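Single chain ahead, written as structure tokens, the form deposited in one PDB entry.
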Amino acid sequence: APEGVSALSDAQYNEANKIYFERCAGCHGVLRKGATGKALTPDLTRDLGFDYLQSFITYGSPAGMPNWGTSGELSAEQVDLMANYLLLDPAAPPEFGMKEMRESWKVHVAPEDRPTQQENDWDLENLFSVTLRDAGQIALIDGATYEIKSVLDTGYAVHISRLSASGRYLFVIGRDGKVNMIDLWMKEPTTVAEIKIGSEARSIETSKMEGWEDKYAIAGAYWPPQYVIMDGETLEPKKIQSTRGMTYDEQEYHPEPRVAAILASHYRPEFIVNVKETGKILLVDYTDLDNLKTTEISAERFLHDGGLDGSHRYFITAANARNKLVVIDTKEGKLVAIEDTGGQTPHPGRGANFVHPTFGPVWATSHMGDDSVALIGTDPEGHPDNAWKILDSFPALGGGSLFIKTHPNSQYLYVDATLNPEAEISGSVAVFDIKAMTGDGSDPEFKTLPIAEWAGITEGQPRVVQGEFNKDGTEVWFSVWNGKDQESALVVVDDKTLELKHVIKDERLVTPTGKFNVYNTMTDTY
């Protein structure tokens, strides 16, 4: 006989459930099928059994599962409660409306009591806000001295950082929908406001229309299917919008359309919201939240990430499972093109904009499913025949690429290969010389930088990910992402010589992943 799975009173079950959706669902999923954390459905957990679940929740694991019991985040009774709850069938995922957001909303420092000018000595625009994935923190690193200025707690499941248009406020979002607002002008920068906007979420963005600096922030959730516009100084939740709706092509109701990347228009006072499963791109005008104007653009399903072109007018985003790039004109508020990249699973991040020597302005992306790099023409006025067409496709290090990067002041295009199965490749970066490109059909050659080897890290599984440039566009940073119980680092590459500039190492630099330069993020320079 299989061990006995205990009762649980209504109160206990209600208590367990609140904990699950508030603190576990960001990594284990609202239906318990897993996300960064393993699936915890009862077909799996009953086999593991109570003792095993209790031990894991008490001690955590170095692969990213918090030590709930030993950290005192959960009491001994709460730990047993959760182990017992995981042996039961998955509960119905709850909604998360205004009442729930406002209960979680905290303003630690009201706007009137914050500084009126920068009170620290830091070079805010050249700071790098780095995600410490399994530590639940971000590191604020000086872009010139390479010193860790501070390490701030945001919360387990920390995902990425974004900056307000003025560069004063640092916004961080976690996979649980937790949002932290950090005031960079304080003597000792810390969280001045926080709020939770759902159970699962990935994106956040700030108002970037000139004249709307610091007015609003917007966050998108995976569950429930909604986005929220918040006050840009206090995080007060002002407008919640459901994304449930019809698919663009079959026009069938879809009960769970996740919000993916959220960007901000520089032509109009609008947020640009990708709705994944229905294939809709939303242009949301924040001029008036009560008489709310939006444009719901039929695009392509599987929208994920993307970026604005060099002129900041057009939004280019990957509909990744269908291998397409979708192009929106933010000035006219309309779809302008849909093109296949020729590769498998394009994953641009915000992508890489540059001026090709013969094609004109282009935007590039690499792929998760193959080694190709694709370029799309982005200049309807000056290069009409090249506009929104794939002009070239060439191989980089290998499949498993996540991020491509460049900067106006650099002649090089950097491509990672983070998820490649071969350590030599996943620990390296491909670099192309833009000035040597000809678009004559021949594959441009690349130099291979041994980033992980340069950091002196071989133990564990160090994966190199995401180039990020400093404010001047002279140095590019890469994360050497190793396990929490392993040695990690950040490698700074001298852009002009393509030589190692510096290796950042520190006991607090745990699982570093996303890196965001204040100036480059606030101005959308990529």
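Shifts are known only where both forms have a C-alpha. We number the residues from 1 along the sequence you see. If you superpose the two forms and keep the largest set of C-alpha atoms that fall within 1.5 Å, you have the rigid core.
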Higher of the two mean Cα B-factors (107-115, 406-414; per PDB record) comes from 107-115
Entry B factor averaged over C-alpha atoms, 458-466 against 489-497: higher for 458-466
Identity of residue with top Cα B-factor, from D89, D329, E277, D176: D89
In the PDB entry, which of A221, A364, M82, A144 has its C-alpha at the highest B-factor? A144
B-factor third for the C-alpha atom of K484 within its chain: highest
Quick check on the deposited entry: does the C-alpha B-factor of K215 sit in the lowest, middle or highest third of its chain? middle
Going by the recorded CA B-factors, say which third of the chain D392 sits in, lowest, middle or highest. highest
In terms of its chain's C-alpha B-factors, the third that includes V503 is the highest
Where does the C-alpha B-factor of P380 rank in its chain, lowest, middle or highest third? highest
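Below, we turn to the form deposited in another entry, even though it does not appear here.
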Can you tell me which of these residues, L402, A139, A83, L282, is the one whose C-alpha shifts by at least 2 angstroms between this form and the one not shown after a rigid core fit? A83
Using the rigid core as the reference frame, would you say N482 shifts its C-alpha by 2 Å or more between this form and the one not shown? no
Superposing on the rigid core, is the CA of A16 displaced by 2 Å or more between this form and the one not shown? yes
Core-aligned, is the CA shift for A25 between this form and the one not shown 2 angstroms or more? yes
Closer or farther: how do the Cα atoms of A35 and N320 compare in the other entry versus the shown form, where the change is at least 3 Å? closer
Under comparison with the form shown, the C-alpha atoms of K18 and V109 in the other entry shift by 3 angstroms or more, placing them farther
Consecutive stretches, 3 or more residues long, displaced between this form and the one not shown (C-alpha shift of at least 2 Å once the core is aligned): 1-66, 74-92
